[PDB]
Every structure is written in C-alpha cells, then in structure tokens.
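What follows is work.pdb (PDB, C-alpha atoms).
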```
ATOM      1  CA  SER T   1       6.833  16.513  -8.407
ATOM      2  CA  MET T   2       7.295  16.314  -4.703
ATOM      3  CA  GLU T   3       3.741  14.832  -4.348
ATOM      4  CA  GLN T   4       4.481  11.959  -6.842
ATOM      5  CA  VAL T   5       7.550  11.041  -4.734
ATOM      6  CA  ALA T   6       5.542  11.081  -1.392
ATOM      7  CA  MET T   7       2.933   8.884  -3.145
ATOM      8  CA  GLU T   8       5.682   6.522  -4.378
ATOM      9  CA  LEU T   9       7.154   6.395  -0.828
ATOM     10  CA  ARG T  10       3.659   5.271   0.524
ATOM     11  CA  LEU T  11       3.327   2.605  -2.221
ATOM     12  CA  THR T  12       6.839   1.414  -1.393
ATOM     13  CA  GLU T  13       5.946   1.218   2.238
ATOM     14  CA  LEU T  14       2.625  -0.594   1.413
ATOM     15  CA  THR T  15       4.761  -2.972  -0.661
ATOM     16  CA  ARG T  16       6.977  -3.414   2.398
ATOM     17  CA  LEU T  17       3.979  -4.210   4.598
ATOM     18  CA  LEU T  18       2.389  -6.570   1.979
ATOM     19  CA  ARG T  19       5.679  -8.443   1.543
ATOM     20  CA  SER T  20       5.680  -9.274   5.271
ATOM     21  CA  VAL T  21       1.931 -10.225   5.071
ATOM     22  CA  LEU T  22       2.734 -12.449   2.093
ATOM     23  CA  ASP T  23       5.518 -14.184   3.983
ATOM     24  CA  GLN T  24       3.251 -14.793   6.955
ATOM     25  CA  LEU T  25       0.451 -16.231   4.751
ATOM     26  CA  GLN T  26       2.844 -18.433   2.877
ATOM     27  CA  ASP T  27       4.175 -19.926   6.189
ATOM     28  CA  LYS T  28       0.661 -21.192   6.743
ATOM     29  CA  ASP T  29       1.201 -23.395   3.656
ATOM     30  CA  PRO T  30       4.117 -25.585   4.799
ATOM     31  CA  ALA T  31       3.295 -28.282   2.252
ATOM     32  CA  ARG T  32       3.748 -25.670  -0.555
ATOM     33  CA  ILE T  33       0.463 -26.677  -2.147
ATOM     34  CA  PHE T  34      -0.075 -22.993  -3.183
ATOM     35  CA  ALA T  35       3.483 -21.973  -3.975
ATOM     36  CA  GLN T  36       3.341 -22.201  -7.727
ATOM     37  CA  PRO T  37       0.724 -22.058 -10.520
ATOM     38  CA  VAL T  38      -1.249 -25.192 -11.175
ATOM     39  CA  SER T  39       0.718 -26.853 -14.084
ATOM     40  CA  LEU T  40      -1.268 -26.837 -17.372
ATOM     41  CA  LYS T  41       1.035 -29.654 -18.581
ATOM     42  CA  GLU T  42      -0.174 -31.776 -15.617
ATOM     43  CA  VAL T  43      -3.793 -30.442 -15.399
ATOM     44  CA  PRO T  44      -4.436 -29.670 -19.094
ATOM     45  CA  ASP T  45      -8.174 -28.913 -18.529
ATOM     46  CA  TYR T  46      -7.576 -26.517 -15.605
ATOM     47  CA  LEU T  47      -8.631 -23.323 -17.411
ATOM     48  CA  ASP T  48     -11.936 -24.929 -18.388
ATOM     49  CA  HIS T  49     -12.635 -25.001 -14.599
ATOM     50  CA  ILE T  50     -10.783 -22.012 -13.182
ATOM     51  CA  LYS T  51     -10.895 -18.725 -15.043
ATOM     52  CA  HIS T  52      -8.492 -16.724 -12.910
ATOM     53  CA  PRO T  53      -5.676 -18.956 -11.596
ATOM     54  CA  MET T  54      -3.586 -17.669  -8.742
ATOM     55  CA  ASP T  55      -0.676 -18.797  -6.538
ATOM     56  CA  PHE T  56       1.892 -17.297  -4.187
ATOM     57  CA  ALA T  57       4.693 -16.995  -6.796
ATOM     58  CA  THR T  58       2.369 -15.014  -9.159
ATOM     59  CA  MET T  59       1.420 -12.726  -6.182
ATOM     60  CA  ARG T  60       5.055 -12.166  -5.383
ATOM     61  CA  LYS T  61       5.761 -11.044  -8.984
ATOM     62  CA  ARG T  62       2.940  -8.539  -8.772
ATOM     63  CA  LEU T  63       4.026  -7.428  -5.318
ATOM     64  CA  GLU T  64       7.643  -6.763  -6.383
ATOM     65  CA  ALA T  65       6.516  -4.746  -9.376
ATOM     66  CA  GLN T  66       4.546  -2.657  -6.764
ATOM     67  CA  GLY T  67       1.402  -3.854  -8.544
ATOM     68  CA  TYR T  68      -0.890  -3.864  -5.472
ATOM     69  CA  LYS T  69      -2.466  -0.365  -4.994
ATOM     70  CA  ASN T  70      -4.195  -1.220  -1.681
ATOM     71  CA  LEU T  71      -4.749  -4.215   0.708
ATOM     72  CA  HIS T  72      -8.086  -4.995  -1.009
ATOM     73  CA  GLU T  73      -6.363  -5.918  -4.327
ATOM     74  CA  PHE T  74      -3.876  -8.167  -2.451
ATOM     75  CA  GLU T  75      -6.686  -9.877  -0.553
ATOM     76  CA  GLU T  76      -8.560 -10.453  -3.795
ATOM     77  CA  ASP T  77      -5.551 -12.471  -5.070
ATOM     78  CA  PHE T  78      -5.221 -14.417  -1.779
ATOM     79  CA  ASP T  79      -8.908 -15.292  -1.843
ATOM     80  CA  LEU T  80      -8.493 -16.554  -5.487
ATOM     81  CA  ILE T  81      -5.874 -19.039  -4.319
ATOM     82  CA  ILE T  82      -8.289 -20.458  -1.716
ATOM     83  CA  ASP T  83     -11.496 -20.193  -3.698
ATOM     84  CA  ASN T  84     -10.050 -21.760  -6.909
ATOM     85  CA  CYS T  85      -8.784 -24.726  -4.853
ATOM     86  CA  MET T  86     -12.063 -25.280  -3.045
ATOM     87  CA  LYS T  87     -13.899 -25.424  -6.385
ATOM     88  CA  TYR T  88     -11.456 -27.603  -8.374
ATOM     89  CA  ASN T  89     -10.833 -30.089  -5.590
ATOM     90  CA  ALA T  90     -13.379 -32.114  -3.683
ATOM     91  CA  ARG T  91     -13.944 -31.728   0.050
ATOM     92  CA  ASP T  92     -12.215 -34.987   0.957
ATOM     93  CA  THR T  93      -8.860 -34.066  -0.622
ATOM     94  CA  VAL T  94      -5.605 -32.903   0.865
ATOM     95  CA  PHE T  95      -5.795 -29.876  -1.447
ATOM     96  CA  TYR T  96      -9.241 -28.686  -0.305
ATOM     97  CA  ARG T  97      -8.279 -29.254   3.318
ATOM     98  CA  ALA T  98      -5.064 -27.297   2.846
ATOM     99  CA  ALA T  99      -7.081 -24.316   1.478
ATOM    100  CA  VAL T 100      -9.485 -24.390   4.404
ATOM    101  CA  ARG T 101      -6.568 -24.283   6.865
ATOM    102  CA  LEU T 102      -4.804 -21.478   4.944
ATOM    103  CA  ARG T 103      -8.035 -19.460   4.949
ATOM    104  CA  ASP T 104      -8.584 -19.994   8.664
ATOM    105  CA  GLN T 105      -5.021 -19.235   9.639
ATOM    106  CA  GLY T 106      -4.632 -16.366   7.187
ATOM    107  CA  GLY T 107      -7.655 -14.537   8.664
ATOM    108  CA  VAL T 108      -5.694 -13.549  11.789
ATOM    109  CA  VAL T 109      -2.833 -12.070   9.709
ATOM    110  CA  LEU T 110      -5.175 -10.226   7.370
ATOM    111  CA  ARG T 111      -7.184  -8.873  10.318
ATOM    112  CA  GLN T 112      -4.106  -7.116  11.733
ATOM    113  CA  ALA T 113      -2.825  -6.047   8.307
ATOM    114  CA  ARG T 114      -6.063  -4.097   7.750
ATOM    115  CA  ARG T 115      -5.637  -2.334  11.101
ATOM    116  CA  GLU T 116      -1.932  -1.547  10.213
ATOM    117  CA  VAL T 117      -2.865  -0.183   6.774
ATOM    118  CA  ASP T 118      -5.667   2.081   8.172
ATOM    119  CA  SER T 119      -3.473   3.061  11.188
ATOM    120  CA  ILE T 120      -0.236   3.936   9.253
ATOM    121  CA  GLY T 121      -2.445   5.383   6.429
TER     122      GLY T 121
END
```
Can you present the structure in this file as structure tokens?
Amino acid sequence: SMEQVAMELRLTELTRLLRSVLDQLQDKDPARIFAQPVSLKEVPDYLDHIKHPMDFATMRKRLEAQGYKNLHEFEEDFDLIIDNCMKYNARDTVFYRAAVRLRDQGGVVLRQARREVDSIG
C-alpha cells in the first residue's frame, strides 16, 4: 500500500536521525571504552553480573536493520551501555568514570533529539 511506504519513509528518516545521534554519542567516547561488546573470553563471568549487555557496535547493527521503532527504544539501549558499566565497575575506575562522562555529555544530544523527533513527527 501507499500507507506502508509512507510509514517506511518515516522509519527510514528516523533511522537517518538516530544514525546522526549515534555518531554524536559515540564521539563522547573517544577512548572507545563502549565501542564493542565486553569480551566473554576476557570477562568470562560477565553474564553472571550483567543480564543485558550492550555496546555501540550492537546498537549500530540494530540501527542499520531499522530495528529502532522510536527514540525511546534507542535511549533504552544507550542507557544499558552506561548502567551496565556503572554496576560492573567500581566508582574509582576509568570505566565507571567514562560512563559518567558519556551520560553527562550524551544528555545534551538526547535532549535535542527528542525535540527533533516530536517536531519532525
């Protein structure tokens, strides 16, 4: 149908907007602490701690399959990256500190993304 196409155009455009958001969030991680999944070869116990692992490469796969239906789903995944890190790693670690800084800096980007998503529909 013509509606299904219109719908698909909106999703594609949401995907366009979320790709730019993702690139902006990922620039706030210059050390690439969050770029890839935590290695289960190197942290064999990780899944005993963290039930829903997340990382920027895994988000990108979902993104490019147009697997985010709305900003809320995308934010859920970004918050998992931060929240998983802040649980697994102690406060006095480079990892925890990197998550705090990503959260703080990402807030600004996510704030405007919400306005853009509501605004453009």
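Candidate residues T:18, T:115, T:48, T:65 were compared for distance to residue 78 (chain T), and the nearest is T:18, using all atoms listed in the file.
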Item to check | Nearby residues (all atoms listed in the file) at most 9 Å from residue 117 (chain T), same-chain spacing under 5 positions excluded, as a ChimeraX atom specification | outcome: /T:14,17,70-71,112
Item to check | Contacts of residue 37 (chain T) within 9 Å, all atoms listed in the file, excl. fewer than 2 positions in-chain, as a list in words | outcome: residues 34, 35, 39, 40, 53, 54, 55, 56, 57 and 58 of chain T
Written selection (C-alpha atoms) as a PDB file, keeping the file's coordinate frame:
```pdb
ATOM      1  CA  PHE T  34      -0.075 -22.993  -3.183  1.00  0.00           C
ATOM      2  CA  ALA T  35       3.483 -21.973  -3.975  1.00  0.00           C
ATOM      3  CA  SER T  39       0.718 -26.853 -14.084  1.00  0.00           C
ATOM      4  CA  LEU T  40      -1.268 -26.837 -17.372  1.00  0.00           C
ATOM      5  CA  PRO T  53      -5.676 -18.956 -11.596  1.00  0.00           C
ATOM      6  CA  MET T  54      -3.586 -17.669  -8.742  1.00  0.00           C
ATOM      7  CA  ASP T  55      -0.676 -18.797  -6.538  1.00  0.00           C
ATOM      8  CA  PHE T  56       1.892 -17.297  -4.187  1.00  0.00           C
ATOM      9  CA  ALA T  57       4.693 -16.995  -6.796  1.00  0.00           C
ATOM     10  CA  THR T  58       2.369 -15.014  -9.159  1.00  0.00           C
TER      11      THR T  58
END
```
Item to check | Protein and nucleic acid residues near (-7.8, -23.0, 5.0) (cut-off 10 Å, only C-alpha atoms) as a PyMOL selection string | outcome: chain T and resi 28-29+82-83+86+95-107
Write out, as a PDB file, in the coordinates of the input, the residues just selected, with C-alpha atoms.
```
ATOM      1  CA  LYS T  28       0.661 -21.192   6.743  1.00  0.00           C
ATOM      2  CA  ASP T  29       1.201 -23.395   3.656  1.00  0.00           C
ATOM      3  CA  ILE T  82      -8.289 -20.458  -1.716  1.00  0.00           C
ATOM      4  CA  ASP T  83     -11.496 -20.193  -3.698  1.00  0.00           C
ATOM      5  CA  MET T  86     -12.063 -25.280  -3.045  1.00  0.00           C
ATOM      6  CA  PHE T  95      -5.795 -29.876  -1.447  1.00  0.00           C
ATOM      7  CA  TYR T  96      -9.241 -28.686  -0.305  1.00  0.00           C
ATOM      8  CA  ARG T  97      -8.279 -29.254   3.318  1.00  0.00           C
ATOM      9  CA  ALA T  98      -5.064 -27.297   2.846  1.00  0.00           C
ATOM     10  CA  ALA T  99      -7.081 -24.316   1.478  1.00  0.00           C
ATOM     11  CA  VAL T 100      -9.485 -24.390   4.404  1.00  0.00           C
ATOM     12  CA  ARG T 101      -6.568 -24.283   6.865  1.00  0.00           C
ATOM     13  CA  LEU T 102      -4.804 -21.478   4.944  1.00  0.00           C
ATOM     14  CA  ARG T 103      -8.035 -19.460   4.949  1.00  0.00           C
ATOM     15  CA  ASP T 104      -8.584 -19.994   8.664  1.00  0.00           C
ATOM     16  CA  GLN T 105      -5.021 -19.235   9.639  1.00  0.00           C
ATOM     17  CA  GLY T 106      -4.632 -16.366   7.187  1.00  0.00           C
ATOM     18  CA  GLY T 107      -7.655 -14.537   8.664  1.00  0.00           C
TER      19      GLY T 107
END
```
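For the choices T:27, T:92, T:75, T:13, the atom-to-atom distance to residue 110 (chain T) is smallest for T:75 when using all atoms listed in the file.
Closest approach to residue 76 (chain T) among T:11, T:52, T:1, T:91: T:52, based on only C-alpha atoms.
Across the model, the gap from CA of residue 64 (chain T) to CA of residue 87 (chain T) is 28.5 Å.
In this comparison, which uses only C-alpha atoms, the residue of T:63, T:33, T:69, T:21 approaching residue 114 (chain T) most closely is T:21.
CA of residue 59 (chain T) sits 7.9 Å away from CA of residue 74 (chain T).
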Checklist outcome for this item: The distance between CA of residue 4 (chain T) and CA of residue 23 (chain T) is 28.3 Å
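Comparing T:121, T:116, T:8, T:108 by their smallest distance to residue 24 (chain T), the closest is T:108 (using all atoms listed in the file).
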Hey, could you pull the box centre and edge lengths for region 102-109 of chain T, axis-aligned, 4 Å padding per side, all listed atoms, to one decimal in Å, as AutoDock Vina command-line options?
```
--center_x -5.7 --center_y -16.8 --center_z 8.4 --size_x 13.8 --size_y 17.4 --size_z 14.8
```
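Checking T:120, T:2, T:94, T:88 one by one against residue 32 (chain T), counting only C-alpha atoms, you find the shortest gap at T:94.
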